[PDB]
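Worksheet: the structure to be examined is printed underneath.
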Number of protein chains: 2
Amino acid sequence: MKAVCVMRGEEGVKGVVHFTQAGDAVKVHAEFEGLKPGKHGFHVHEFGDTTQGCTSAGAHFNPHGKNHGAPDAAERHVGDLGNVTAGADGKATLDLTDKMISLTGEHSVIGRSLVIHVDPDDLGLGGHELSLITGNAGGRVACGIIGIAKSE
Amino acid sequence: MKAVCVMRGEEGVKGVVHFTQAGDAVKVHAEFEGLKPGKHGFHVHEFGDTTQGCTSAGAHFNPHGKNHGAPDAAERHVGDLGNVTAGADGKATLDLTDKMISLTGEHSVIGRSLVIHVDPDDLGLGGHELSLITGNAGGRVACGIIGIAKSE
Ligand SMILES: [Cu+2]
Ligand SMILES: [Cu+2]
Ligand SMILES: [Zn+2]
Ligand SMILES: [Zn+2]
Ligand SMILES: [Zn+2]
Ligand SMILES: [Zn+2]
Ligand SMILES: [Zn+2]
């Protein structure tokens, strides 16, 4: 099973993100250009709604109502995929394996949204009231809808 | 259960389409501007892939291997939602109930694409080589990925 998400928002920011269901895990391959050098929070938000740009994407996909956290943490949202690190040339690549999200079933992220943020995801540890909620990653630089892709 | 699809394409063409499911019946509500007057084929295509504009949307969503038909025909693709009619000023509106598509299960259209065509869907009767495949509706004026929406 395969998924793709093309991400857009602020001028110059471009992102493509491939997903591949591999048994009980999903492999994620994401690339970006046009980012500010440094770390950017990267999440699956709940809605595939772009009627209000990235704003209508809602909050972090959290079907279990748990606290925000790191991809590798005990407590986290299904949609918590950490930070994307933008290099000096404003470009980033991120590969990961996540057994939280799915391309099928109740954890499916099909038809939901990917959002990349202005600031870093403090991963629930920032000591800010937003930390266990959004990771305090600030505003939404680009977002996109997760659509079914050709499962070759 | 709700779903939304923001459609976009050639200069000027805008479109928003809301889905609401109750039981086996999906209400499809569409508002378009910027179209050429007359009928435009209107289908759910298989992929929510926008890596190559609307081209990567693939062909019509057809999980049961049927020929193309009108929405109310004996035989049709799941994704066959017929024609949208654009007025003399380019505006169009559609409100149709369909019991083939779904926002869930094997017929789920979540994360697939909505496409609108430059020419009319001949409903599989136009007697042309592409009639029973695509309804001979020609190129693609606009599309969007169908995303999960606030169900309220
Ligand atoms: Cu986020
Ligand atoms: Cu079509
Ligand atoms: Zn790549
Ligand atoms: Zn979170
Ligand atoms: Zn669960
Ligand atoms: Zn068809
Ligand atoms: Zn069926």
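Chain letters run A, B, ... following the sequence lines, proteins first, then strands; residues in each count from 1. Computation of the quantities below employed the complete heavy-atom set of this structure, encompassing side-chain atoms and omitting hydrogens, waters and symmetry-equivalent molecules. All ligand and atom numbering here is 1-based and tracks the order in the structure.
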Subject >> Under 2.8 Å: N/O/S of A:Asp121 next to the Zn ion (ligand 4) >> reply: no

Original post:
Between the Zn ion (ligand 3) and A:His29, is there an N, O or S atom separated by less than 2.8 Å?
Top reply: yes

Original post:
Ring centroid separation for B:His40 and B:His117, is it under 6.0 angstrom?
Top reply: no

**OP:** Report yes if the side chains of A:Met7 and A:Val17 come closer than 4.5 Å at any heavy-atom pair, otherwise no.
**Re:** yes

Original post:
Just wondering, do B:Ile101 and B:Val28 contact through their side chains at under 4.5 Å, heavy atoms?
Top reply: yes

Subject >> salt bridge (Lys or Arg N to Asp or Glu O under 4.0 Å) evaluation trace for A:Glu75 with A:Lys66 >> reply: CA-CA 6 Å; A:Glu75 273 295 274; A:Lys66 257 86 190 191; 5.2 Å; no

**OP:** Determine whether the side chains of B:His43 and B:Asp121 contain a donor N or O and an acceptor N or O closer than 3.5 Å.
**Re:** yes

Subject >> Metal site angle (apex the Zn ion (ligand 4)), ND1 from A:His77 and ND1 from A:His60, 10 degrees >> reply: 120°

**OP:** Using only N, O or S atoms, tell me which atom of A:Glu31 is closest to the Zn ion (ligand 3).
**Re:** OE2

Original post:
Which is the closest N/O/S atom of A:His68 when seen from the Zn ion (ligand 4)?
Top reply: ND1

Original post:
Measuring to the Zn ion (ligand 6), does B:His43 have an N/O/S atom at a distance below 2.8 Å?
Top reply: no

Original post:
Can you name the N/O/S atom of B:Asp80 that is nearest the Zn ion (ligand 6)?
Top reply: OD1

Original post:
Any idea how A:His68 and A:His60 line up, ring-wise: parallel (<30°), tilted (30 to 60°), or perpendicular (>60°)?
Top reply: tilted

